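Here the structure is laid out as structure tokens; the discussion comes afterwards.
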Amino acid sequence: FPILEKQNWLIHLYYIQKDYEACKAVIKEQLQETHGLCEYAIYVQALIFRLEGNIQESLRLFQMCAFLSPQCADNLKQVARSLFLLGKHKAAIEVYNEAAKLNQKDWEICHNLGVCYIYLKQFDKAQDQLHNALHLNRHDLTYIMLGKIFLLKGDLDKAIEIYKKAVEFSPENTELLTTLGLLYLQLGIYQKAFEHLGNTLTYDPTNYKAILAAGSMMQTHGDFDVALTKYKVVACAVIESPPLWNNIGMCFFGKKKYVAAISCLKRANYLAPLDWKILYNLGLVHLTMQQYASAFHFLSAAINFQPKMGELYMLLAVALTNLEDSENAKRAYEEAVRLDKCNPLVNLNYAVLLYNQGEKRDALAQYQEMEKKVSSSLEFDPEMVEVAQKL
Amino acid sequence: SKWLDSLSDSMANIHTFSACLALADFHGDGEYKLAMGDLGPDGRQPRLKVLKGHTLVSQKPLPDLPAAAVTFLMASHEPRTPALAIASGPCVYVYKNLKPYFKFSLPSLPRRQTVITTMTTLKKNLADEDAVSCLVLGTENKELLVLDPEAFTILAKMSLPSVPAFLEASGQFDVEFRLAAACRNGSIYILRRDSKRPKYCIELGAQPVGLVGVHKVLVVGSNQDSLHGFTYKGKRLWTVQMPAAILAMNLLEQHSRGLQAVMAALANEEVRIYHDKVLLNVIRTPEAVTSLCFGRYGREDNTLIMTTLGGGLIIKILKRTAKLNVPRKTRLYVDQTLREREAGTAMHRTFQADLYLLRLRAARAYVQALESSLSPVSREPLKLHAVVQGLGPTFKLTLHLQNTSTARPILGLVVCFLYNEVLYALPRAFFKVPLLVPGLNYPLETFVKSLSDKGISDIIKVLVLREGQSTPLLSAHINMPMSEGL
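Top line first, the protein sequences correspond to chains 4 and 1. When you line the first sequence up against the deposited numbering, it's residues 29 to 402, 408 to 424, in that order. When you line the second sequence up against the deposited numbering, it's residues 1 to 110, 195 to 406, 424 to 479, 483 to 590, in that order.
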């Protein structure tokens with residue numbers, strides 16, 4: 029006969045100030061007095077459990093709260109969310125459906141159905157559900173999940189529009205700006221990428237995920253010292269990260285500091301022995317340093333990690349040409365020219381190998397293949418014309 | 001040093017909140033007291049306590065825990081002190097001159197009554213120091229009751245989609261009222277004229293821990309340790325980040341300088357007064373503070389009274405005169438690189454020969470292991489490893505076995521131990537294993553016992569095998585430690 033929810037306000041005020049100690053005591057007292065049926069000493073207790081690592085007792089207590097209020101869309105939403113926090117997404121979908129047939133006007137059900145169908149690789153239903161989630165109430169996370177769908181399924185041609193429309197409003201989210209800048213890097217545009225990365229860096233100066241891409245873009249267009257300073261900005265925050273040290277080694281390899289680049293690249297390779305980019309960089313630098321015994325080793329590793337590349341086999345063949353193994357260089361160059369489409373350096377180097385082998389016959393074939401493929410490198414220009422005039 | 005400190009005490013057990021603590025005139029003569037419905041030291045004993053000066057003058061028991069306490073003038077006939085409407089249960093105790101004067105009851109629901201949680205006042209027509217104010221109650225049932233000047237009849241009933249937690253009333257009730265309600269579902273709903281339903285809602289993403297209304301901007305304190313300034317139409321205009329959690333937000337308004345700035349009682353033992361976007365007059369406290377109030381307490385237009393999370397009181401009177426670690430390389434490195442540059446071909450050839458021989462020997466050992474079936478990891485998915493525990497003549501030998509497959513159980517399997525029957529006495533050296541469900545580590549334990557009077561450590565083999573086959577599916581080895589017998 030006492031009032032059922034006597035102290036829901038006090039429990040809510042203790043839980044909302046991040047106490048979780050006095051709130052639990054008041055929850056226990058209320059439940060002991062009311063013998064259950066409170067529906068908010070169980071709800072807040074389950075939310076507290078979910079705040080801790082445990083997502084099992086949270087699911088149990090949300091089940092009890094759903095049993096108490098069988099027609100209450102929020103309880104079904106919370107139970108499906110406790111499912112989705114575990115690995116079960118089909119059951120999460122089937123509980124979100126019931127939560128939707130009691131409330132057809134909320135964005136959370138549609139956003140969560142989208143993120144579930146994403147984990148279930150059902151992209152039509154996920155895409156349509158997230159379009160709905162936008163139309164009900166546009167949120168940043170729905171935009172992010174839609175961009176993720178359009179990236180996984182197809183091309184950036186569908187993601188650039190969504191990310192631009194997303195950053196259009198609420199443009200202070202670093203994730204949206206940075207992801208749109210990254211997707212600009214993924215395409216030919218290097219200017220708007222710099223624009224959005226600088227927009228991010230104004231808000232957060234020490235953003236590691238943005239500093240990395242900005243330094244990459246800088247390294248691409250020379251001026252290695254600016255990228256080196258960008259990396260100095262974040263070096264202490266991430267002192268052991270293979271990508272940072274790989275980019276720093278490429279910085280030091282740009283300005284002819286080959287030893288201080290081998291150092292950084294080997295350090296990054298030790299912290300990630302399965303990363304083909306660092307292996308390719310080590311092979312390239314050991315080629316430039318004229319060592320030709322470690323270059324082959326690192327390039328063969330990077331081949332064994334990403335075999336469907338053209339430049340890898342070209343560099344391995346250049347390492348084999350100076351290792352007194354010309355037949356292996358022949359077959360490696362054949363692999364490369366078969367596996368390369370838009371890099372004439374491979375063709376020119378194979379023409380050089382052939383002409384140095386005394387053939388001069390197939391060297392013309394490789395020269396014609398290169399000239400069909402084609408344009409900026411200063412030293413690939415001269416050998417282009419020298420192997421031409423001398424053939 | 002803009003905040004002149006007045007009193008710092010720690011024995012005052014005052015565990016009130018930022019909404020059930022209000023100061024106003026209570027006996028005329030321009031002497032403002034501060035009435036607060038304080039809980040128990042834990043929350044068991046509801047006690048109404050009023051403060052004049054900095055000595056406690058009257059604390060008296062209360063029926064139930066007060067959910068809010070706000071003062072207001074009930075009528076303009078010879079204006080005496082405002083009435084203190086303290087909310088408790090489904091009831092509103094209206095105190096006149098800090099004496100029990102009236103007990104308003106909430107009209108029940110078809195019994196299933198409700199409880200009132202949030203309570204503020206609203207201005208009728210004048211909005212001055214002598215105007216008449218009307219209550220606005222937030223029932224636990226999702227309803228807002230706009231009451232009368234004398235707390236006996238209802239003037240309006242507003243429907244809200246979720247239980248309110250915080251309330252803000254702006255304007256005058258008759259012609260221009262704005263009611264902002266921070267609910268439990270993490271949303272602010274605004275109520276205007278002619279709208280029984282808000283239809284202008286704003287979600288915060290986290291449950292609002294506070295609500296203070298500035299003349300144009302409405303600040304919402306988030307559970308994510310920040311403030312978010314919105315407009316009264318439903319469009320956010322700014323957001324500022326806090327370094328720690330937000331425990332209580334109140335309003336600091338001084339009319340001499342026209343400064344109406346929101347406060348913030350952060351959990352990092354500090355309080356920072358916030359205008360539109362700038363920080364100023366940040367203070368420190370010996371302990372994080374749960375409730376702050378700014379008004380004309382005592383006889384000063386700039387008093388701010390604050391209660392520590394652990395109790396105690398701190399009253400402050402505002403003065404009116406406001424490069425990299427790139428490694429190094431030694432001679433060894435350049436000599437080694439010179440050797441590599443002059444003898445790279447021999448190194449390449451001999452390393453390739455060594456790699457060929459290594460592939461040969463690794464394949465040899467892999468085939469020999471497959472023959473003897475000595476791999477504890479080996483279509484036909486399984487994984488077993490045996491742990492030994494304990495010194496002394498009796499060891500506990502637990503085999504952790506696991507089926508590693510998507511969804512396929514393994515019905516018929518059995519474990520057989522191979523030991524030296526003169527050194528170890530295994531009770532059951534052969535036993536069936538339960539149905540292995542994919543994904544669960546089954547610990548199957550046995551009690552090995554050393555029999556040798558002298559310390560002798562001998563290996564023990566374990567074979568897991570089908571019941572229709574004779575070749576072990578997999579195996580494991582354990583070097584039994586020394587006995588330490590008697």
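Think of the CB as a built atom: it goes at the ideal place given N, C-alpha and C, for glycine as much as any other residue.
Item to check | Candidates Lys358 (chain 4), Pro199 (chain 4) and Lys105 (chain 4): closest to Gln132 (chain 4) by CA position | outcome: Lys105 (chain 4)
Checklist entry - In whole angstroms, what separates the C-alpha of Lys305 (chain 4) from that of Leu343 (chain 4)? => result 14 angstroms
Checklist entry - Quick one: which chain 1 residues come within Cβ less than 8 angstroms of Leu41 (chain 4)? => result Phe17 and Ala249
Next on the checklist: Within the continuous beta strand (DSSP E) that includes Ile238 (chain 1), where are the two ends?
Outcome noted: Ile238 to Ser243
Checklist entry - Cβ of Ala194 (chain 4) less than 9 angstroms from any chain 1 Cβ? => result no
Checklist entry - For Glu85 (chain 4), which of helix, strand or coil comes out of DSSP? => result helix
Item to check | Contacting residues, own chain, Cβ-Cβ under 8 angstroms from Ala75 (chain 1) (five flanking each side not counted) | outcome: Close CB contacts of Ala75 (chain 1) within its chain, under the 8 angstroms cut and outside five residues either way in sequence, are with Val216, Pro233 and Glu234 (chain order).
Item to check | Cα-Cα separation between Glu571 (chain 1) and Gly559 (chain 1), rounded to whole angstroms | outcome: For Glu571 (chain 1) and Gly559 (chain 1), the distance between alpha carbons rounds to 36 angstroms.
Item to check | Classification of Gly250 (chain 4) by the beta-carbon crowding that lies within 10 angstroms, buried from 16 upward | outcome: exposed
Next on the checklist: Whether or not the stretch 42-51 of chain 4 and the stretch 68-80 of chain 4 are in contact is what I'm after, with contact meaning three or more pairs of Cβ atoms, one per stretch, closer than 8 angstroms; do they touch?
Outcome noted: yes
Item to check | Simplified DSSP state of residue 416 (chain 1), which is helix, strand or coil | outcome: In the model shown, chain 1 runs from 406 to 424 with nothing in between, leaving residue 416 (chain 1) without coordinates.
Checklist entry - Got a sec: is the Cβ-Cβ distance from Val262 (chain 4) to anything in chain 1 below 9 angstroms? => result Closer than 9 angstroms: no.
Item to check | Buried or exposed (CB count within 10 angstroms, at least 16 for buried), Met278 (chain 4) | outcome: buried
Checklist entry - Taking Cβ to Cβ, would you say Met337 (chain 4) is nearer than 9 angstroms to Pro372 (chain 4)? => result no
Item to check | Proximal residues, the stretch 317-347 of chain 1 versus chain 4, C-beta separation under 9 angstroms | outcome: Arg320, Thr323, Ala329, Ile330, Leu331 and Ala332
Checklist entry - Is the CB of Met317 (chain 4) under 9 angstroms away from at least one CB in chain 1? => result At least one chain 1 Cβ lies under 9 angstroms of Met317 (chain 4).
Item to check | For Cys279 (chain 4), the three-state DSSP class (helix, strand or coil) | outcome: helix
Checklist entry - Under 9 angstroms between the Cβ atoms of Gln338 (chain 1) and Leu402 (chain 1)? => result For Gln338 (chain 1) and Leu402 (chain 1), yes; Cβs fall inside 9 angstroms.
Checklist entry - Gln35 (chain 4) versus chain 1: which residues are under 7 angstroms apart at the beta carbon? => result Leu65
Item to check | Whole-angstrom distance between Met586 (chain 1) and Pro271 (chain 4), CA atom to CA atom | outcome: Computed Cα separation, rounded: 49 angstroms.
Checklist entry - Is it right to say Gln394 (chain 4) is buried, meaning 16 or more other beta carbons lie within 10 angstroms of its own, or is it exposed? => result buried
Next on the checklist: Below 8 angstroms, how does it come out for the stretch 51-58 of chain 4 and the stretch 33-40 of chain 4: are there three or more Cβ pairs, yes or no?
Outcome noted: yes
Next on the checklist: I need the boundaries of the beta strand (DSSP E) containing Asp102 (chain 4), first residue and last residue.
Outcome noted: Taken as a continuous stretch (DSSP letters only), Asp102 (chain 4) belongs to no beta strand (DSSP E), being part of the alpha helix (DSSP H) at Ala101 to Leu113.
Checklist entry - In terms of DSSP beta bridges, what is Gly294 (chain 1) paired with? => result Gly305 (chain 1)
Next on the checklist: In whole angstroms, give me the CA-to-CA distance for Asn125 (chain 4) and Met36 (chain 1).
Outcome noted: 47 angstroms
Item to check | Spatial distance of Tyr259 (chain 4) from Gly282 (chain 4) (CA atoms) | outcome: 15 angstroms
Item to check | 6 angstroms CB neighbourhood of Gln155 (chain 4) in its chain, flanking five on each side removed | outcome: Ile177
Item to check | CA nearest to the CA of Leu527 (chain 1), picked from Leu578 (chain 1), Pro497 (chain 1) and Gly318 (chain 1) | outcome: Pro497 (chain 1)
Checklist entry - Given that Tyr320 (chain 4) touches chain 1, what residues does it touch there, using C-beta distances under 9 angstroms? => result Residues of chain 1 whose Cβ lies closer than 9 angstroms to the Cβ of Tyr320 (chain 4) are, in chain order, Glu441, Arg442, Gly445, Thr446 and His449.
Next on the checklist: Just to check my reading of the structure: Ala265 (chain 1) and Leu239 (chain 1) have Cβ atoms closer than 8 angstroms, yes? What is that Cβ distance to the nearest angstrom?
Outcome noted: Their Cβ separation, rounded to whole angstroms, is 17 angstroms, which puts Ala265 (chain 1) and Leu239 (chain 1) out of contact at 8 angstroms.
Next on the checklist: Just to check my reading of the structure: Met347 (chain 1) and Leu336 (chain 1) have Cβ atoms closer than 8 angstroms, yes? What is that Cβ distance to the nearest angstrom?
Outcome noted: 5 angstroms
Checklist entry - Contact check, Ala69 (chain 1) vs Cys20 (chain 1) under 8 angstroms by CB: the rounded distance? => result 5 angstroms
Checklist entry - Which chain 1 residues are close to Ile55 (chain 4), counting only those with a beta carbon under 9 angstroms from its beta carbon? => result Chain 1 residues near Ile55 (chain 4): none, gap ~12 angstroms exceeds 9 angstroms.
Next on the checklist: Am I right that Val230 (chain 1) and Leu206 (chain 1) are in contact with their C-beta atoms under 8 angstroms? What's the rounded C-beta distance?
Outcome noted: Taking a contact as a CB-CB distance under 8 angstroms, the pair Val230 (chain 1) and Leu206 (chain 1) counts as one, their CB atoms being some 7 angstroms apart.
Checklist entry - In the DSSP assignment, what residue or residues form a beta bridge with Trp322 (chain 1)? => result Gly313 (chain 1)
Checklist entry - Quick check: the stretch 412-421 of chain 4 against the stretch 1-20 of chain 1, are there 3 or more CB pairs under 8 angstroms? => result no
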